[PDB]
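# Notes for the structure review
What follows is each chain in one-letter form.
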Amino acid sequence: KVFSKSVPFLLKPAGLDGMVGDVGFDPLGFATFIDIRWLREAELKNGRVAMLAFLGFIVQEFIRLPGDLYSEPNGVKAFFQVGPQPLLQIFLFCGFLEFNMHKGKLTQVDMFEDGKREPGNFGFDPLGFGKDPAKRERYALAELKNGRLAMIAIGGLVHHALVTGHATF
Amino acid sequence: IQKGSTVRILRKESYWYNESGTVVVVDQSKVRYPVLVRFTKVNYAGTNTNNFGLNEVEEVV
Amino acid sequence: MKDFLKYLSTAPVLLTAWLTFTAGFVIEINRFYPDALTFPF
Amino acid sequence: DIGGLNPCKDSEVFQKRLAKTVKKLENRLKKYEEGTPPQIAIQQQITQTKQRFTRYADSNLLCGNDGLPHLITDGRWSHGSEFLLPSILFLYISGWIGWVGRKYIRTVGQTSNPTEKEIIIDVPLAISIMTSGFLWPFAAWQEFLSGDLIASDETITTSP
Amino acid sequence: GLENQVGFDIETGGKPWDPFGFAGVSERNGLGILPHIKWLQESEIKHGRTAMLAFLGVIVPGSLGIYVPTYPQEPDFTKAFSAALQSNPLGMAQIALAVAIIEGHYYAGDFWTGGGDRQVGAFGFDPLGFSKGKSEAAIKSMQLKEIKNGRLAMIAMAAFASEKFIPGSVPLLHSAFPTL
Amino acid sequence: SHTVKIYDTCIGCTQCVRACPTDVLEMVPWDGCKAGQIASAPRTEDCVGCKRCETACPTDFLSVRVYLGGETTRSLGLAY
Ligand code: CLA
Ligand code: CLA
Ligand SMILES: CC(/C=C/C=C(C)/C=C/[C@@]12O[C@]1(C)C[C@@H](O)CC2(C)C)=C\C=C\C=C(C)\C=C\C=C(C)\C=C\[C@@]12O[C@]1(C)C[C@@H](O)CC2(C)C
Ligand code: SF4
């Protein structure tokens, strides 16, 4: 028996072999009954959204926009003060982005049905970082780790605002 | 038609009328209903096979 | 735990779990926002 | 206004109903002692009754001669939160349910043992299909266009 | 089918713009319950011509102030119909009769299931020889120009109706037609 | 007495004859099926109409058909 590298008292999970964040961490075996490509796509998207949202917290409490609506240093209270109209526009824009970036196939059964789709690979690289394949793997691992850390931190900041109410500081 | 062929039942008084079945064996003797067809759906009596005539089955392309 | 998980995948257990979860979130919506006769918006 | 009804904010019988309910609850409250859980429960009942009546008053709700909110479901968007918006919400949810059920039926209908997978659900595949129902309006008007939504003549018919 | 019909240009790539596939629903289930592509194209031509005429009829009377002598001077299309219906009933009756005769002669009812002797918006009607002798590509280009102008007029009339109903729906409208 | 008819869809499996409680059906020689036998109904005066005969019929829509008709003390199953 091999046993996992992360959880040393557990057997090595299956389906994670050719990935860019494999430390053998899957005690519940989510990769066995869920497609690993979909799981990586979801992890990357959740991580990127969490990173953007954490940066949004830190900037919002600091900078903010001119106007009476955009005057709440607290993100949770800003979600309510801003009203539904600005939020629904963000929702519709995110939907438009989702549709055009995945080119129609948006669901768990439709995406990766034909393969030829690296999980999380939207081809988005205008600044050109990533031409060298040597640093590409390191950049992918850094993105994954930062995304996970940002998921934890996004939960932390949101719940700090809920239990205190003032801000993050 | 032959063994393993897919046919459509043309007999109107059939639980598998307009449906497709699999031919089990076509008898070469002088019997009236030589074609034996097996279906996936059991009829109201529980059977899933029946003998059909040559003009009561239409082979699917 | 290979056949126990298959037993939990049977129709009665799955229906009971799904209906219990469904009644649960319905009852909790009606606890946190009671007496909702019209759409909140 | 519509149909001879009047807003509940200006309906005297509505306020009479609220006052009578509150008075009954307070009379019930009188027969218990101090800050005991029964009094707390009755006070919560009174508070919830007042909140519900206030919300119904400030809700563009039309009340009849009995002081009860009447629903205007002719289709006008003015009273759109009474029927039309809940109608859209239910249509979305029920279409989701029907779509995921149909997709599961058609998916396990092409396996070796279709009947086995109906009493013993393939929970992985079931979860895969169920979370994909959020696009049911789009999926339905992408399968109807391709002719994959409707059968034509393989459907069975009785003798006559 | 849409590949060999007039109506698509560079604005929507090179392909016929049809997000909802409405041109291909006629061949779908049912003998006929949804219109054929011929009916849809005739509806194109009719709606576009009507929209162009209506744009002229809301711009010229309402803004430029030009009025038929014995007709109400109402620079408002939401009341001009009734005002002329009372003021000059005979004129409106004759207009309705002429419209009915024109449409009955050019009936498009066999277009619903596809077929008929006429073409899409044929109508004859070439008095001043604009298509007297032309190349086939030239006639197709003129038809495409007509269809696109009809679509633009449809959009303009819809914008008029929207701004009248929901104020501020078309921002530049009142700055581009300063008078009502 | 009831009427019992036999149709050439008979496969001669004898299940009708051995299910008749009143000895109405019997197997007779035939050349229309593999078994070379077909059911016959020569004693329909004893037919009671219980339709056990066509409950044991394996052919698609039956090869023995019982049409209930005029009643008799034999067909009504009257021991009195
Ligand atoms: C998950 C992302 C996310 C979400 C949902 C929000 C949501 C919100 N922000 Mg916000 N913000 C974000 C990220 C986000 N922010 C980031 C990363 C920054 C740093 C630039 C800011 C800086 C910021 C300021 C300064 C203010 C807000 C404010 C607000 C609120 C009102 C909407 C508004 O005016 O936004 C305006 C948001 C921006 C101008 C930021 C630009 C949008 C970012 C960059 C996301 C862009 C993603 C991109 C389009 C797609 C990626 C590429 C694609 C190929 C994947 C609303 C609650 C306002 C508020 O209520 O104050 C409390 C306000 O004053 N935000
Ligand atoms: C039952 C209704 C009905 C029927 C079957 C017909 C039949 C006919 N009409 Mg006609 N017409 C009708 C009503 C009707 N008309 C009405 C109300 C008018 C307006 C006054 C006209 C004006 C008219 C003209 C001007 C001409 C015809 C012509 C014709 C003939 C062939 C061309 C054609 O159909 O295009 C015309 C098509 C229409 C006018 C469409 C009418 C659509 C109707 C109104 C819909 C009714 C259906 C509805 C479900 C009925 C309800 C039943 C019950 C509930 C009451 C044909 C014999 C032509 C002719 O005579 O050929 C030599 C011609 O030139 N029609
Ligand atoms: C709990 C949590 C993470 C828990 C992580 C744990 C235990 C990790 C444990 C480990 O790492 C260690 C310790 C060691 C590792 O080696 C092993 C593991 C085991 C892996 C994240 C919560 C994360 C929670 C998140 C992200 C919640 C985000 C909430 C948002 C955005 C809410 C928005 C709103 O609330 C407002 C603002 C207004 C409302 O009215 C409307 C809405 C919209 C609802
Ligand atoms: S009824 Fe059927 S079973 Fe009973 S006797 Fe007549 S035939 Fe035999």
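Residues numbered from 1 in each chain as written, not as in the entry; some residues may be left out. Chains lettered and ligands numbered in written order. Part of a larger assembly, values for the part shown. Heavy atoms only, no water. Residues with missing side-chain atoms left out of burial classes, pairs and counts.

Listed as the method for this PDB entry is cryo-EM; the listed resolution is 3.16 Å.

## Let's talk about the sheet that holds strand β1 (residues 6-7) of chain D
Residue and element names in this part refer to chain D. Here we have three strands laid out as an open sheet, ordered β1-β2-β3, and antiparallel in their pairing. Where the open sheet ends on each side, the last strands, each with one partner, are β1 and β3 (69-70). As judged from the two bridges shared by β1 and strand β2 (residues 62-63), these two strands associate in the antiparallel manner. Bridging across to β2, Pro 7 finds its partner in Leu 62. (Pairing = 2+ DSSP bridges. Helix = DSSP H or I, 4+ residues; strand = E, 2+ residues; numbered from the N terminus.)

## Some words on the site of ligand 1
Residue and element names in this part refer to chain A. In the region of ligand 1, 18 residues are neighbours, and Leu 52, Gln 60, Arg 64, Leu 65 and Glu 72 sit closest. In this structure, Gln 60 approaches ligand 1 through a side-chain N or O atom, which is 2.9 Å from a nitrogen atom. Between ligand 1 and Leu 65 there is a distance of 2.6 Å, counted from an oxygen atom to a backbone nitrogen or oxygen. Looking at the shell around ligand 1, the elements that each hand over two or more residues are α2 (36-62) and α4 (84-102). With seven residues, the top contributor of residues to the shell around ligand 1 is α2. (Near = heavy atom within 4 Å. Polar contact = N/O pair within 3.5 Å; in protein donor to acceptor, adjacent residues only side chain to side chain.)

## Digging into the state of the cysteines
Residue and element names in this part refer to chain D. Inspection of every chain in the model, using the stated rule, returns one disulfide over all chains. There is a disulfide in this structure between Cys 8 and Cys 63, and the S-S distance comes to 2.0 Å. Taking the torsion about the sulfur-sulfur bond, which here is approximately 100°, the covalent link between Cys 8 and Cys 63 counts as right-handed. Here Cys 63 lies in strand β2 and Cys 8 lies in the loop between β1 and α1 (12-30), a separation of 55 residues in the sequence. Across the pair, exposure class does not vary: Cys 8 and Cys 63 are buried alike. (Disulfide = S-S within 2.5 Å. Buried < 20%, exposed > 50% of the residue type's maximum accessible area, 1.4 Å probe, protein only.)

## Describing the interface of chain B and chain F
Each side of the interface is counted separately: chain B has 14 residues, and chain F has 11 residues. Buried surface at the junction of chain B and chain F, both sides included, amounts to about 900 Å², of which 44% is carbon and sulfur. For the chain B face of the interface with chain F, the top three residues by lost area are B:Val31, B:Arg32 and B:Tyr33, together amounting to 45%. For the interface between chain B and chain F, the tally reads zero salt bridges. The tally of links from chain B across to chain F stands at two residue pairs in polar contact. (Contact = heavy atoms within 4.5 Å. Buried area = accessible area lost by both parts, 1.4 Å probe. Salt bridge = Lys/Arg side-chain N within 4 Å of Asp/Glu carboxyl O.)

## Considerations on the pairing of strand β3 (residues 35-38) of chain B
In regular strands, side chains alternate between the two faces of the sheet. Residue and element names in this part refer to chain B. On β3, burial follows the alternation: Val 35 and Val 37 on one face are buried, whereas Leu 36 and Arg 38 on the facing-out side are not. As paired strands, strand β2 (residues 20-26) and β3 are joined by four bridges and run antiparallel to one another. Within the sheet, the bridge partner assigned to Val 26 lies in β3 and is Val 35. Here β3 runs beside strand β4 (residues 49-52); their pairing, made up of four bridges, is antiparallel. Looking at β4, one finds that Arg 38 is bridged to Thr 49.

## Structural notes on the interface of chain C and chain D
Taken together, the contact pairs 14 residues of chain C with 18 residues of chain D. Approximately 1,300 Å² of surface area, both sides summed, lies buried where chain C meets chain D, with 64% of it carried by carbon and sulfur atoms. If you look at where chain C meets chain D, you find one salt bridge. Counting across the interface, chain C meets chain D through seven residue pairs in polar contact. Across the side of chain C that touches chain D, the residue classes tally to nine nonpolar, three polar and two charged. (Nonpolar A, V, L, I, M, F, W, Y, C, P; charged D, E, K, R; others polar.)

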